[PDB]
Amino acid sequence: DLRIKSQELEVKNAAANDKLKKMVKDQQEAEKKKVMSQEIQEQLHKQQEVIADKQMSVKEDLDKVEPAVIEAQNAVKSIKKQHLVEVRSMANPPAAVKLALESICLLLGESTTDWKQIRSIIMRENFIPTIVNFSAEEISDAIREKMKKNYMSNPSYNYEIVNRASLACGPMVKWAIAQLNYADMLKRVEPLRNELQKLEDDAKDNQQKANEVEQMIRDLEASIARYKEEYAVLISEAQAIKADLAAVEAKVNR
């Protein structure tokens, strides 16, 4: 009798059907992960759209005031030393010159209102450098509105009137306007910069999560590929028993 073939195949198929159970387990674990991947990419796609517009919005907000600022800083620095002398030697200064330097002093924190102490500050051999090397991320909300309220709302406060009186207070007048408008814009850009960071951080972490899933998807495929090939050779060599059985039976009968 062929009592061995029975238990031989009973074990063969039992392990094979147990192999599919392990294979199908990962095959849909992979399908599950494949869904997450597309789901992540979708969430990541919509996210950069928000980043894109706001990132350009900041630039369009900055590009309107920025070139006026860097133009003024060059104008203030590149100045004739004799023009610094005439302001230094001003015993009785015009109302415009007084107005101009007051605004410069206000933006530099040291906001006084008397000429004799202003003239002291007007040139300490570091007056022009500290104006040039000056970021507008220092001016406060109060300082900004005070600058608007008193100075550049007053008809006498403009480049034409000031430069007419003094060639030195001319450039720094434009500088005072440019830095203030820059500070006005920073009120709008600051929340945009911040919310950009919140979004840019989440995007990078979302991309990491994406790469993590993709590798998990690919690692499952490798394990699946082994089980497929192993089961493939399992029943491949198994039907050879059907060939052999049919053959030897045919031999016995004939």
# chains A, B, ... in the order shown; residues from 1 in each chain; ligands from 1
>>> closest_atom_pairs(of="region 9-124 of chain A", to="region 178-201 of chain A", cutoff="10 Å", atoms="only C-alpha atoms", output="Markdown table")
| residue | atom | partner | partner_atom | distance |
| --- | --- | --- | --- | --- |
| A:47 | CA | A:199 | CA | 7.4 |
| A:48 | CA | A:200 | CA | 8.3 |
| A:50 | CA | A:199 | CA | 8.4 |
| A:51 | CA | A:196 | CA | 6.4 |
| A:52 | CA | A:196 | CA | 9.6 |
| A:54 | CA | A:192 | CA | 6.8 |
| A:55 | CA | A:196 | CA | 7.4 |
| A:57 | CA | A:192 | CA | 8.6 |
| A:58 | CA | A:189 | CA | 6.0 |
| A:59 | CA | A:189 | CA | 9.2 |
| A:61 | CA | A:185 | CA | 6.8 |
| A:62 | CA | A:185 | CA | 7.3 |
| A:64 | CA | A:182 | CA | 9.1 |
| A:65 | CA | A:182 | CA | 5.9 |
| A:66 | CA | A:182 | CA | 7.1 |
| A:67 | CA | A:178 | CA | 9.0 |
| A:68 | CA | A:178 | CA | 6.0 |
| A:69 | CA | A:178 | CA | 5.1 |
| A:70 | CA | A:178 | CA | 8.9 |
| A:71 | CA | A:178 | CA | 9.2 |
| A:72 | CA | A:178 | CA | 7.6 |
| A:73 | CA | A:178 | CA | 9.6 |
| A:107 | CA | A:180 | CA | 8.6 |
>>> write_last_selection(atoms="N, CA, C and O atoms", output="PDB file, in the first residue's frame")
ATOM      1  N   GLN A  47      -0.244  70.622   1.767  1.00  0.00           N
ATOM      2  CA  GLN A  47       0.498  71.376   2.771  1.00  0.00           C
ATOM      3  C   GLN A  47       1.502  72.342   2.150  1.00  0.00           C
ATOM      4  O   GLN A  47       1.670  73.462   2.631  1.00  0.00           O
ATOM      5  N   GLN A  48       2.170  71.910   1.083  1.00  0.00           N
ATOM      6  CA  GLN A  48       3.179  72.741   0.435  1.00  0.00           C
ATOM      7  C   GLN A  48       2.534  73.884  -0.346  1.00  0.00           C
ATOM      8  O   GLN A  48       3.138  74.944  -0.521  1.00  0.00           O
ATOM      9  N   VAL A  50       0.104  75.621   0.711  1.00  0.00           N
ATOM     10  CA  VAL A  50      -0.050  76.661   1.716  1.00  0.00           C
ATOM     11  C   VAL A  50       1.292  77.333   1.985  1.00  0.00           C
ATOM     12  O   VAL A  50       1.363  78.547   2.178  1.00  0.00           O
ATOM     13  N   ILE A  51       2.355  76.534   1.990  1.00  0.00           N
ATOM     14  CA  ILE A  51       3.706  77.045   2.194  1.00  0.00           C
ATOM     15  C   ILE A  51       4.130  77.945   1.039  1.00  0.00           C
ATOM     16  O   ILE A  51       4.704  79.010   1.251  1.00  0.00           O
ATOM     17  N   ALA A  52       3.828  77.509  -0.180  1.00  0.00           N
ATOM     18  CA  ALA A  52       4.248  78.207  -1.393  1.00  0.00           C
ATOM     19  C   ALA A  52       3.746  79.648  -1.461  1.00  0.00           C
ATOM     20  O   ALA A  52       4.530  80.576  -1.652  1.00  0.00           O
ATOM     21  N   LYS A  54       2.336  81.571   0.907  1.00  0.00           N
ATOM     22  CA  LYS A  54       2.748  82.374   2.050  1.00  0.00           C
ATOM     23  C   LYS A  54       4.232  82.719   1.993  1.00  0.00           C
ATOM     24  O   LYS A  54       4.648  83.775   2.468  1.00  0.00           O
ATOM     25  N   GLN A  55       5.027  81.831   1.407  1.00  0.00           N
ATOM     26  CA  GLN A  55       6.460  82.069   1.276  1.00  0.00           C
ATOM     27  C   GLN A  55       6.728  83.169   0.257  1.00  0.00           C
ATOM     28  O   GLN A  55       7.642  83.974   0.427  1.00  0.00           O
ATOM     29  N   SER A  57       4.334  85.408  -0.570  1.00  0.00           N
ATOM     30  CA  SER A  57       3.644  86.566  -0.013  1.00  0.00           C
ATOM     31  C   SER A  57       4.584  87.388   0.860  1.00  0.00           C
ATOM     32  O   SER A  57       4.551  88.618   0.835  1.00  0.00           O
ATOM     33  N   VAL A  58       5.418  86.698   1.631  1.00  0.00           N
ATOM     34  CA  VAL A  58       6.421  87.351   2.462  1.00  0.00           C
ATOM     35  C   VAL A  58       7.406  88.132   1.596  1.00  0.00           C
ATOM     36  O   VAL A  58       7.756  89.270   1.912  1.00  0.00           O
ATOM     37  N   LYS A  59       7.839  87.522   0.497  1.00  0.00           N
ATOM     38  CA  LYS A  59       8.771  88.173  -0.418  1.00  0.00           C
ATOM     39  C   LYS A  59       8.154  89.407  -1.064  1.00  0.00           C
ATOM     40  O   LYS A  59       8.788  90.458  -1.134  1.00  0.00           O
ATOM     41  N   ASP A  61       5.811  91.108   0.142  1.00  0.00           N
ATOM     42  CA  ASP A  61       5.659  92.065   1.232  1.00  0.00           C
ATOM     43  C   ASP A  61       6.978  92.770   1.528  1.00  0.00           C
ATOM     44  O   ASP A  61       6.995  93.940   1.905  1.00  0.00           O
ATOM     45  N   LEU A  62       8.083  92.054   1.352  1.00  0.00           N
ATOM     46  CA  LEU A  62       9.397  92.591   1.680  1.00  0.00           C
ATOM     47  C   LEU A  62       9.997  93.395   0.528  1.00  0.00           C
ATOM     48  O   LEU A  62      10.652  94.411   0.750  1.00  0.00           O
ATOM     49  N   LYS A  64       8.837  95.407  -1.524  1.00  0.00           N
ATOM     50  CA  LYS A  64       8.293  96.738  -1.773  1.00  0.00           C
ATOM     51  C   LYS A  64       8.998  97.814  -0.951  1.00  0.00           C
ATOM     52  O   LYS A  64       9.056  98.974  -1.354  1.00  0.00           O
ATOM     53  N   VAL A  65       9.543  97.425   0.197  1.00  0.00           N
ATOM     54  CA  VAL A  65      10.149  98.389   1.109  1.00  0.00           C
ATOM     55  C   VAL A  65      11.663  98.192   1.221  1.00  0.00           C
ATOM     56  O   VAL A  65      12.408  99.148   1.438  1.00  0.00           O
ATOM     57  N   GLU A  66      12.109  96.952   1.036  1.00  0.00           N
ATOM     58  CA  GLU A  66      13.523  96.593   1.176  1.00  0.00           C
ATOM     59  C   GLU A  66      14.510  97.411   0.320  1.00  0.00           C
ATOM     60  O   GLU A  66      15.508  97.900   0.851  1.00  0.00           O
ATOM     61  N   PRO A  67      14.251  97.568  -0.997  1.00  0.00           N
ATOM     62  CA  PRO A  67      15.271  98.267  -1.793  1.00  0.00           C
ATOM     63  C   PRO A  67      15.445  99.736  -1.409  1.00  0.00           C
ATOM     64  O   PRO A  67      16.515 100.302  -1.635  1.00  0.00           O
ATOM     65  N   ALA A  68      14.410 100.337  -0.831  1.00  0.00           N
ATOM     66  CA  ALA A  68      14.487 101.717  -0.365  1.00  0.00           C
ATOM     67  C   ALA A  68      15.373 101.816   0.872  1.00  0.00           C
ATOM     68  O   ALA A  68      16.021 102.836   1.106  1.00  0.00           O
ATOM     69  N   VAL A  69      15.394 100.746   1.660  1.00  0.00           N
ATOM     70  CA  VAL A  69      16.168 100.713   2.894  1.00  0.00           C
ATOM     71  C   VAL A  69      17.661 100.593   2.613  1.00  0.00           C
ATOM     72  O   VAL A  69      18.467 101.344   3.164  1.00  0.00           O
ATOM     73  N   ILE A  70      18.024  99.649   1.750  1.00  0.00           N
ATOM     74  CA  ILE A  70      19.425  99.413   1.420  1.00  0.00           C
ATOM     75  C   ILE A  70      19.997 100.575   0.606  1.00  0.00           C
ATOM     76  O   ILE A  70      21.205 100.812   0.606  1.00  0.00           O
ATOM     77  N   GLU A  71      19.120 101.308  -0.074  1.00  0.00           N
ATOM     78  CA  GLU A  71      19.522 102.494  -0.820  1.00  0.00           C
ATOM     79  C   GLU A  71      19.878 103.633   0.130  1.00  0.00           C
ATOM     80  O   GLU A  71      20.831 104.376  -0.100  1.00  0.00           O
ATOM     81  N   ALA A  72      19.101 103.754   1.201  1.00  0.00           N
ATOM     82  CA  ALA A  72      19.294 104.818   2.179  1.00  0.00           C
ATOM     83  C   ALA A  72      20.540 104.586   3.028  1.00  0.00           C
ATOM     84  O   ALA A  72      21.281 105.524   3.316  1.00  0.00           O
ATOM     85  N   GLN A  73      20.763 103.336   3.426  1.00  0.00           N
ATOM     86  CA  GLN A  73      21.928 102.981   4.234  1.00  0.00           C
ATOM     87  C   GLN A  73      23.227 103.307   3.503  1.00  0.00           C
ATOM     88  O   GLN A  73      24.202 103.740   4.117  1.00  0.00           O
ATOM     89  N   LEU A 107      14.456 106.604  16.713  1.00  0.00           N
ATOM     90  CA  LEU A 107      14.600 105.249  16.191  1.00  0.00           C
ATOM     91  C   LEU A 107      15.773 104.529  16.849  1.00  0.00           C
ATOM     92  O   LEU A 107      15.762 103.307  16.990  1.00  0.00           O
TER      93      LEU A 107
END
>>> select_by_dssp(residues="region 32-105 of chain A", states="alpha helix (DSSP H)", output="number ranges by chain")
A: 32-62, 66-77, 81-88, 95-105
>>> atom_distance(atom1="CA of residue 236 (chain A)", atom2="CA of residue 29 (chain A)")
26.7 Å
>>> residues_around(residues="residue 226 (chain A)", least_positions_apart="3", cutoff="12 Å", atoms="only C-alpha atoms", output="PyMOL selection string")
chain A and resi 19-20+22-23+26+219-223+229-233
>>> closest_residue(among="A:153, A:41, A:166, A:133", to="residue 95 (chain A)", atoms="only C-alpha atoms")
A:166
>>> atom_distance(atom1="CA of residue 238 (chain A)", atom2="CA of residue 252 (chain A)")
21.7 Å
>>> closest_residue(among="A:97, A:74, A:135, A:13", to="residue 161 (chain A)", atoms="only C-alpha atoms")
A:97
>>> closest_residue(among="A:214, A:110, A:102, A:18", to="residue 172 (chain A)", atoms="only C-alpha atoms")
A:102
>>> atom_distance(atom1="CA of residue 30 (chain A)", atom2="CA of residue 208 (chain A)")
18.3 Å
